[PDB]
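Asker: One structure, pasted below without further comment.
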There are 2 protein chains.
Amino acid sequence: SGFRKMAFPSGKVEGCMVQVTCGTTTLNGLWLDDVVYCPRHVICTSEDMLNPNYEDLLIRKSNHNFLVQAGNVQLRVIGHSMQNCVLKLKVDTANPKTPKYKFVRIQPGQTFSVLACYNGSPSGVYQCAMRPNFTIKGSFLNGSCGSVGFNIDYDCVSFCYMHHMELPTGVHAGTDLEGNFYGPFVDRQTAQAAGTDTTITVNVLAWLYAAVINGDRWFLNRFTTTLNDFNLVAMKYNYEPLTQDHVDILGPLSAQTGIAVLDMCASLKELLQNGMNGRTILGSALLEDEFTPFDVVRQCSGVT
Amino acid sequence: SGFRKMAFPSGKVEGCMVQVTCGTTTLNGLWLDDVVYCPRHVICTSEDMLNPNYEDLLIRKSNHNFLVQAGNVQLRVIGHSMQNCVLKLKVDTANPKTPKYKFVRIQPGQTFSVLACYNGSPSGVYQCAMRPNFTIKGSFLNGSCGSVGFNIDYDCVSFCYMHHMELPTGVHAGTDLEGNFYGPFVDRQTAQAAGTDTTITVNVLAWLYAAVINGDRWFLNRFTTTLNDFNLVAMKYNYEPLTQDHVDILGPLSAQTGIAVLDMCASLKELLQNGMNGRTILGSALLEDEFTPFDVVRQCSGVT
Ligand SMILES: C#Cc1cccc(CC(=O)Nc2cncc3ccccc23)c1
Ligand SMILES: C#Cc1cccc(CC(=O)Nc2cncc3ccccc23)c1
């Protein structure tokens, strides 16, 4: 028992982290096979970071300008190319520590582990969710660019995020491993609206099921609701509307606790309308939305 | 910017995890050099787990009874010994992945990362604190025994905890790497009082400094206090008394924000006496005590 914001073991990803230096900028790169993936803003200076012409800036660069170091060993760059907002630096040596991997684009509301890195060196690992508005509420300082987000299924690492930018609001923006930004963000130092965020309803419900599994039951009530009535409450409190697909993904947790998804929705409705009343659920005094139904089953069953 | 419950990258520890099977019990072991460390209750059955005579139970065991597997390879056991509540199984091969390491006994209120494991395989990593009452509020299922807690200083892994037991209250108990239990706990399936817990005051203050560094400032007030007045409030709210050593450890955070430790104590006093008033600090609606002053500086400066 016990419920924690658990991240995947970072070992497989630590073995892929390299340092990428171009001109005066240093950031992190991801070494998979004979390719190093890093944010394309590694080629920028402070002057052109307000409105960079990436094509023009990359034309002034040759393979020898991209200094790539894996710990204390220098990788030899034999090709470079820009794909969307990422640079792919072909190296003459395949990473001996390349795990089984995939590049995936996650959906908003899905979760992933982030291995924060500086100068190609891992500093820490944390779990987070891709917000409905495509930002991440991470913990990143200058030099963290190129740190990646991922999920692990047995031995396969699914890379879903590469960190690029911190918005003036303090939230984080980045791309998939093909360099496509999540959200409307551009790699420019400019005002960028993150857009209205919402609470991931399906995840809060999944977390309520984890709370019941782990003994926290005070919030369970004698009521039930319908998807329509619950969605009126979700509307009022800036929660994502709940669909039948969400109810279906909550099937296993509903079967495990024997608490019908709509009865759990009525518990969430009462919590939204009345608050916690100074109480806690799984050590939190607010409704937690960074655990998916899959995360809850994974943690509550012990998949390795 | 951004503040997360960050765990150390688990790579160095993942490389040490093995599976240990004795009779019908399987749990995790830690392979460092030519020694495998695991909880001594691996030699128990369900019948003798109520009051085990470990010396007697271990006498019925030979080296060949301890099945140790590292992934898919079998380690050959050439010696076994009990030290307090841990078994040390000498193996004929040193772990090629042994990192630079130390065995340390942490103080209550200190933090550490836990790599939860099942059948010698890493499932996840999370950060937690050793409670003032020597329990840990972890996330562990059956088979997690032998999962270890650690801190990392550059390349040196300091192992501080080995998981042994879940109390009937759902909290966790374990030992240092010499097999000494933290707290009054014994490796017996019996009623065990965890003792009155308290909130780690120095850590809450450190977290309040992290909140100021990361933009959350609403809680700052026009007041100050003394250690005596603050300790009267800490007494009333079951917070650990604040000492000059704690004030001294908060020195760097006090210097960084320019907010005197006693002025921050007055902010904490107002929060304790009035609550959050439905507001949040670093995404939490309660006062967080799982970040030490060192953790806050580490995360806010980016040490790798
Ligand atoms: C795309 C892009 C882009 C645009 C301008 C500038 C940059 C650089 C940049 O935003 N890097 C950082 C990322 N994370 C956290 C940080 C915290 C403090 C300072 C910098 C941070 C990227
Ligand atoms: C010392 C000791 C001792 C005494 C009796 C029994 C055991 C076994 C034991 O407590 N293992 C577990 C540890 N963590 C979480 C668990 C969750 C569900 C079931 C078992 C769990 C150890």
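Ordering of the structure tokens sets the chain letters (A, B, ...); residue numbers start at 1 within each chain; ligands are numbered from 1 in the order shown.
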Each residue of chain B with at least one atom at most 6 Å from ligand 2 should appear once, together with its nearest atom pair and the corresponding distance in Å (one decimal); atoms considered: only C-alpha atoms and all ligand atoms; ordering: chain, then increasing residue number; output as CSV.
Answerer:
residue,atom,partner,partner_atom_place_in_ligand_line,distance
B:49,CA,ligand 2,5 (C),5.7
B:140,CA,ligand 2,15 (C),4.2
B:141,CA,ligand 2,17 (C),3.7
B:142,CA,ligand 2,20 (C),3.7
B:144,CA,ligand 2,14 (N),5.7
B:145,CA,ligand 2,13 (C),5.5
B:164,CA,ligand 2,1 (C),4.6
B:165,CA,ligand 2,10 (O),3.8
B:166,CA,ligand 2,10 (O),4.4
B:187,CA,ligand 2,1 (C),3.1
B:188,CA,ligand 2,4 (C),4.4
B:189,CA,ligand 2,5 (C),4.1
Asker: Provide as a PyMOL selection string the residues of chain B at most 6 Å from chain A, counting only C-alpha atoms.
Answerer: chain B and resi 1-4+6-11+121-126+138-141+170+285-286+304
Asker: Between CA of residue 177 in chain A and CA of residue 104 in chain A, what distance in Å does the model show, to one decimal?
Answerer: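 So the answer is 7.5 Å.
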Asker: Quick one: residues within 9 Å of range 89-100 of chain B, only C-alpha atoms counted, chain neighbours fewer than 5 positions away excluded, as a PyMOL selection string?
Answerer: chain B and resi 12-13+15-16+31-38+63+66+68+75-82+155-158
Asker: Any chance you can output those residues with N, CA and C atoms as a PDB file, in the first residue's frame?
Answerer:
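The file below, again-v6.pdb, is the result:
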ATOM      1  N   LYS B  12      22.491   4.112 -11.520  1.00  0.00           N
ATOM      2  CA  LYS B  12      23.533   3.458 -10.736  1.00  0.00           C
ATOM      3  C   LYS B  12      22.984   2.357  -9.801  1.00  0.00           C
ATOM      4  N   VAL B  13      21.769   2.545  -9.285  1.00  0.00           N
ATOM      5  CA  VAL B  13      21.168   1.574  -8.393  1.00  0.00           C
ATOM      6  C   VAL B  13      20.495   0.435  -9.150  1.00  0.00           C
ATOM      7  N   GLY B  15      21.495  -0.990 -11.761  1.00  0.00           N
ATOM      8  CA  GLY B  15      22.576  -1.917 -12.089  1.00  0.00           C
ATOM      9  C   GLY B  15      23.011  -2.858 -10.974  1.00  0.00           C
ATOM     10  N   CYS B  16      22.562  -2.585  -9.738  1.00  0.00           N
ATOM     11  CA  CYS B  16      22.856  -3.395  -8.553  1.00  0.00           C
ATOM     12  C   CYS B  16      21.713  -4.309  -8.149  1.00  0.00           C
ATOM     13  N   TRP B  31      23.338  -6.023  -5.095  1.00  0.00           N
ATOM     14  CA  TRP B  31      24.634  -6.551  -5.497  1.00  0.00           C
ATOM     15  C   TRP B  31      25.687  -5.435  -5.658  1.00  0.00           C
ATOM     16  N   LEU B  32      26.587  -5.321  -4.681  1.00  0.00           N
ATOM     17  CA  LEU B  32      27.698  -4.361  -4.644  1.00  0.00           C
ATOM     18  C   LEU B  32      28.945  -5.180  -4.458  1.00  0.00           C
ATOM     19  N   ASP B  33      29.935  -5.018  -5.355  1.00  0.00           N
ATOM     20  CA  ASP B  33      31.153  -5.833  -5.303  1.00  0.00           C
ATOM     21  C   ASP B  33      30.762  -7.340  -5.375  1.00  0.00           C
ATOM     22  N   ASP B  34      31.327  -8.209  -4.549  1.00  0.00           N
ATOM     23  CA  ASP B  34      30.971  -9.627  -4.557  1.00  0.00           C
ATOM     24  C   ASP B  34      30.015  -9.957  -3.407  1.00  0.00           C
ATOM     25  N   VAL B  35      29.151  -9.009  -3.013  1.00  0.00           N
ATOM     26  CA  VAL B  35      28.206  -9.255  -1.926  1.00  0.00           C
ATOM     27  C   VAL B  35      26.788  -8.862  -2.334  1.00  0.00           C
ATOM     28  N   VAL B  36      25.809  -9.690  -1.970  1.00  0.00           N
ATOM     29  CA  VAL B  36      24.409  -9.393  -2.202  1.00  0.00           C
ATOM     30  C   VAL B  36      23.772  -9.178  -0.840  1.00  0.00           C
ATOM     31  N   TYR B  37      23.152  -8.010  -0.643  1.00  0.00           N
ATOM     32  CA  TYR B  37      22.511  -7.631   0.617  1.00  0.00           C
ATOM     33  C   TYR B  37      21.036  -7.702   0.427  1.00  0.00           C
ATOM     34  N   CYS B  38      20.324  -8.374   1.318  1.00  0.00           N
ATOM     35  CA  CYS B  38      18.866  -8.487   1.207  1.00  0.00           C
ATOM     36  C   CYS B  38      18.269  -8.632   2.617  1.00  0.00           C
ATOM     37  N   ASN B  63      24.530 -22.316   1.296  1.00  0.00           N
ATOM     38  CA  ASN B  63      24.750 -21.372   0.192  1.00  0.00           C
ATOM     39  C   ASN B  63      23.886 -21.691  -1.035  1.00  0.00           C
ATOM     40  N   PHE B  66      20.197 -20.281  -1.475  1.00  0.00           N
ATOM     41  CA  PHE B  66      19.983 -18.881  -1.801  1.00  0.00           C
ATOM     42  C   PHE B  66      20.154 -18.704  -3.296  1.00  0.00           C
ATOM     43  N   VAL B  68      20.220 -16.598  -6.390  1.00  0.00           N
ATOM     44  CA  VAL B  68      20.408 -15.185  -6.720  1.00  0.00           C
ATOM     45  C   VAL B  68      20.547 -15.006  -8.194  1.00  0.00           C
ATOM     46  N   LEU B  75      23.889 -16.065 -10.147  1.00  0.00           N
ATOM     47  CA  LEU B  75      25.097 -15.835  -9.377  1.00  0.00           C
ATOM     48  C   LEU B  75      25.342 -17.011  -8.467  1.00  0.00           C
ATOM     49  N   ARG B  76      26.605 -17.383  -8.306  1.00  0.00           N
ATOM     50  CA  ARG B  76      27.015 -18.514  -7.482  1.00  0.00           C
ATOM     51  C   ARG B  76      27.343 -18.036  -6.074  1.00  0.00           C
ATOM     52  N   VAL B  77      26.562 -18.484  -5.087  1.00  0.00           N
ATOM     53  CA  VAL B  77      26.723 -18.099  -3.680  1.00  0.00           C
ATOM     54  C   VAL B  77      27.792 -18.938  -2.991  1.00  0.00           C
ATOM     55  N   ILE B  78      28.831 -18.287  -2.471  1.00  0.00           N
ATOM     56  CA  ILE B  78      29.930 -19.001  -1.825  1.00  0.00           C
ATOM     57  C   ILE B  78      30.021 -18.762  -0.298  1.00  0.00           C
ATOM     58  N   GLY B  79      29.181 -17.880   0.224  1.00  0.00           N
ATOM     59  CA  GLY B  79      29.135 -17.597   1.640  1.00  0.00           C
ATOM     60  C   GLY B  79      27.854 -16.889   1.994  1.00  0.00           C
ATOM     61  N   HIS B  80      27.380 -17.078   3.217  1.00  0.00           N
ATOM     62  CA  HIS B  80      26.206 -16.354   3.700  1.00  0.00           C
ATOM     63  C   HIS B  80      26.410 -15.971   5.160  1.00  0.00           C
ATOM     64  N   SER B  81      25.911 -14.803   5.545  1.00  0.00           N
ATOM     65  CA  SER B  81      26.000 -14.369   6.930  1.00  0.00           C
ATOM     66  C   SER B  81      24.922 -13.385   7.265  1.00  0.00           C
ATOM     67  N   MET B  82      24.505 -13.381   8.514  1.00  0.00           N
ATOM     68  CA  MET B  82      23.478 -12.475   8.970  1.00  0.00           C
ATOM     69  C   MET B  82      24.144 -11.379   9.765  1.00  0.00           C
ATOM     70  N   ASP B 155      29.191  11.028  -8.310  1.00  0.00           N
ATOM     71  CA  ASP B 155      29.212   9.647  -8.780  1.00  0.00           C
ATOM     72  C   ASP B 155      29.041   8.627  -7.642  1.00  0.00           C
ATOM     73  N   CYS B 156      29.035   9.085  -6.375  1.00  0.00           N
ATOM     74  CA  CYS B 156      28.915   8.238  -5.201  1.00  0.00           C
ATOM     75  C   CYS B 156      27.494   8.056  -4.708  1.00  0.00           C
ATOM     76  N   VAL B 157      27.053   6.806  -4.714  1.00  0.00           N
ATOM     77  CA  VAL B 157      25.740   6.435  -4.221  1.00  0.00           C
ATOM     78  C   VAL B 157      25.845   6.148  -2.745  1.00  0.00           C
ATOM     79  N   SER B 158      25.077   6.842  -1.929  1.00  0.00           N
ATOM     80  CA  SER B 158      25.040   6.602  -0.485  1.00  0.00           C
ATOM     81  C   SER B 158      23.773   5.854  -0.185  1.00  0.00           C
TER      82      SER B 158
END
Asker: Identify which of the residues B:264, B:281, B:247, B:271 lies closest to residue 216 in chain B, counting only C-alpha atoms when measuring atom-to-atom distances.
Answerer: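 When distances to residue 216 in chain B are compared using only C-alpha atoms, the smallest one comes from B:281.
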Asker: Which of range 59-191 of chain A end up as helix (DSSP H, G or I) when DSSP is run on this backbone - answer as a list in words?
Answerer: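 Everything in range 59-191 of chain A that counts as helix (DSSP H, G or I) is residues 59, 63, 64 and 65 of chain A.
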Asker: Output the selection as a PDB file, in the first residue's frame - C-alpha atoms for each residue.
Answerer:
ATOM      1  CA  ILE A  59      23.680  27.362 -42.939  1.00  0.00           C
ATOM      2  CA  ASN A  63      29.493  19.262 -38.663  1.00  0.00           C
ATOM      3  CA  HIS A  64      32.705  20.348 -36.839  1.00  0.00           C
ATOM      4  CA  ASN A  65      30.816  23.215 -35.111  1.00  0.00           C
TER       5      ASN A  65
END
